[PDB]
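Asker: Experimental structure below, sequence on top.
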Amino acid sequence: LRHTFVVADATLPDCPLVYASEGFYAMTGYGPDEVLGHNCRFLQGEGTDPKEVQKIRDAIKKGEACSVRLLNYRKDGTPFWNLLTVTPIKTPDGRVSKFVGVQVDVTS
Ligand SMILES: *[C@@]12=NC3=[C]C([C])=C([C])[C]=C3N([C][C]([O])[C]([O])[C]([O])[C]OP([O])([O])=O)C1=NC(=O)[N]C2=O
């Protein structure tokens, strides 16, 4: 039902976020001044499973949509489960331009 959504700029090497819904900011606890121009890998931490992470990277590198479940931590430290889904956006000539991801706090 509910879920946040963001846009990452693939034209840039590190895939920084260039847009985030109001839910993303509220959920994560960070403000646009702290997220724009960055990679949401900053929401990851100790419990975060590096193997799951390793899957998004590859999907991205390979430029394929992908969904995985990762443990993320809000700005206050409180952790939460993130059911993330990443989708690539290719130009008419096949090249990838942006990446779109939909986050969902499935902490149940
Ligand atoms: C972040 N959501 C998110 C949304 C998009 C559109 C993309 C492309 C990536 C993410 N990430 C994954 C992260 O940026 C990175 O791709 C992986 O960490 C693998 O690369 P590294 O170089 O860091 O090993 C998001 N990850 C999250 O944990 N939370 C989000 O909301």
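Answerer: That came through fine. Residues are numbered from 1 along each chain as shown.

Asker: outside of the longest strand along the chain, which residues touch it?
Answerer: For the chain, the strand with the greatest residue count under DSSP state E is strand 79-90. Residues from elsewhere that reach strand 79-90 (CB atoms under 8 Å, 6 or more residues apart in numbering): 10, 27, 43, 45, 47, 56, 59-60, 63-74, 96-108. Any C-beta I mention is one placed from the backbone N, CA and C, and that applies to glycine too.

Asker: again, only using 6 Å
Answerer: The set of residues external to strand 79-90 that reach it, using CB atoms under 6 Å, 6 or more residues apart in numbering, is 56, 63, 65-67, 69-73, 96-107.

Asker: Check which residues of it are buried.
Answerer: By neighbour count with 16 or more other CB atoms under 10 Å, strand 79-90 contains the buried residues 80, 82, 84, 86, 88.

Asker: could those residues go into TSV alongside distance to the ligand?
Answerer: Converted to TSV, these look like this (distance: CB to the nearest ligand atom, whole Å):
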residue	distance to the ligand
80	11
82	6
84	5
86	5
88	8
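
Asker: For residue 6, the count of nearby residues, please.
Answerer: For residue 6, the count of nearby residues is 22 (other CB atoms under 10 Å).

Asker: and what of residue 62?
Answerer: Here the number of neighbours of residue 62 (other CB under 10 Å) works out to 9.

Asker: what's it sitting at in phi/psi?
Answerer: Residue 62 adopts backbone torsions of phi -80, psi -10, taken as degrees, to the nearest 10.

Asker: how much space between it and the ligand?
Answerer: Applying CB to the nearest ligand atom, to the nearest Å, the value for residue 62 to the ligand is 12 Å.

Asker: rewinding a little: how about whatever helix or strand comes next after the longest strand of the chain against the ligand, any contact?
Answerer: Beyond strand 79-90 in the direction of the C-terminus, DSSP states H and E gives the next helix or strand as strand 96-103. Yes. Counting by CB under 6 Å from any ligand atom, the ligand has neighbours in strand 96-103: 99-101, 103.

Asker: Could you list every helix and strand that strand 96-103 packs against?
Answerer: strand 4-9, strand 79-90 (3 or more CB pairs under 6 Å, 6 or more residues apart in numbering; DSSP states H and E).
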